[PDB]
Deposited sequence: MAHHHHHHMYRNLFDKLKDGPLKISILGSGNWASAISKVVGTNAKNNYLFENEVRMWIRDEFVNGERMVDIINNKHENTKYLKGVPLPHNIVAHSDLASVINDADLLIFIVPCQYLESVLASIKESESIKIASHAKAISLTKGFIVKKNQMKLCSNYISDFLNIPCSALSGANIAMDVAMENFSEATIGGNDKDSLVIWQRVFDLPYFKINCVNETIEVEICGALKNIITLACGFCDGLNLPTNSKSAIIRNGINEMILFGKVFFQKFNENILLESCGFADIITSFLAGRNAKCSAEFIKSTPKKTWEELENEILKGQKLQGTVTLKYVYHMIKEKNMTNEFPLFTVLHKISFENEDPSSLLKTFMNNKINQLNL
């Protein structure tokens, strides 16, 4: 088989999900539905889950519910959990990667030691990045290089529970392979989960990664009690610096991708939801009296804040190219977050007599 249609000649495509978590579980509902309803896909969707606990694999297989991460939501019975990668990846035509980047390297490394089919197509559903030599590597690219298969990217204005509860959501699939996009769209599209396609992954993945800096900034605005005029200004600047970061460091950024679900929509969903803006808001109110680590436990129930991390590496890349002048917001946000800069510096960055041309 040299493509998906070659494989479709002999029979339906086998879908496999990698990951355990609220979003992964919610997606298994979406994927399991289409796998059953669509003649192109094999009904059984194999899902690799981490060996957590009463053991998680058995709960899903027997009770058909992720009682830990997606409690209360019945999952489709055609989902089949497995504890080992081999029983999920072998003979899989379509690989859905929903693994947190805090674990992505280990998983990919374990696979490389289990045979991935040459015609197999992959897709990354995790918002974030991988660090390689202090440089930011986007997930679909990293998966696609580490393994040797095309990797598309899915991101959208998505909150695991809203999707799981069948509320109207959208998502954007980015992919350089046109024959992959037609199929991935069918794997995921449902009436409550509408899919648009774009021909590049870079913008889709930068949005999912850097939106957390914008959410962090929104928190800072909330914490400082700033009016909406001012918060909207900060958001705008964050978006434009996100675009510039893509252009400078990843050679391109199509601004039109902000009109897609992974862009503007996911940004406003991200600061109007979760606890992550609240976390940055509470940080700026405490000033230096509390560290991020303390607020992560106190606010996010032990979870690490994605925004602070993304900012650290984004700023580092900016700093080494000596472009901090062209990224005023990201720069001051880094100063305030990690270099004990007075929160008042946020507004002072933009409240000046500098006249734009």
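Residues of the deposited sequence that lack C-alpha coordinates fall in the stretches 1 to 9, 63 to 65, 126 to 128, 373 to 375.
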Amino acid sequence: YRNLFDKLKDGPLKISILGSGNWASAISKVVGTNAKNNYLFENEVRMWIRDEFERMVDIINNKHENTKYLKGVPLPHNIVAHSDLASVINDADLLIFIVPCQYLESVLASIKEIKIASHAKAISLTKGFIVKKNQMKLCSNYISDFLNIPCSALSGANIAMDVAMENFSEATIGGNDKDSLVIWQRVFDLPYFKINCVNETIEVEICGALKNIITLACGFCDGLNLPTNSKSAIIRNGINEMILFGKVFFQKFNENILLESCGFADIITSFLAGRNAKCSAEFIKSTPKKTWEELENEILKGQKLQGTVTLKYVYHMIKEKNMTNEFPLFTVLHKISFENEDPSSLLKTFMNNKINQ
From here on, numbers count along this sequence of modelled residues.
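Looking at 295 to 303 and 35 to 43 together, the entry lists the larger mean B-factor for 295 to 303, computed on C-alpha atoms.
Remark: stretch with higher mean C-alpha B factor among 227 to 235 and 272 to 280 is 272 to 280. When the Cα B-factors of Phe97, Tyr192, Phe188, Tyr103 are read from the PDB record, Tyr103 comes out highest. Among all modelled residues in this chain, the alpha-carbon of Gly208 has a temperature factor (C-alpha) in the lowest third.
Ranked against the other modelled residues of its chain, the C-alpha B-factor of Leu311 as given in the entry falls in the middle third.
Sorting the modelled residues of the chain by their CA temperature factor places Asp93 in the lowest third. Among the modelled residues of its chain, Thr349 has a C-alpha B-factor that falls in the middle third according to the deposited record. Sort the modelled residues of the chain by CA B factor and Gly19 lands in the middle third.
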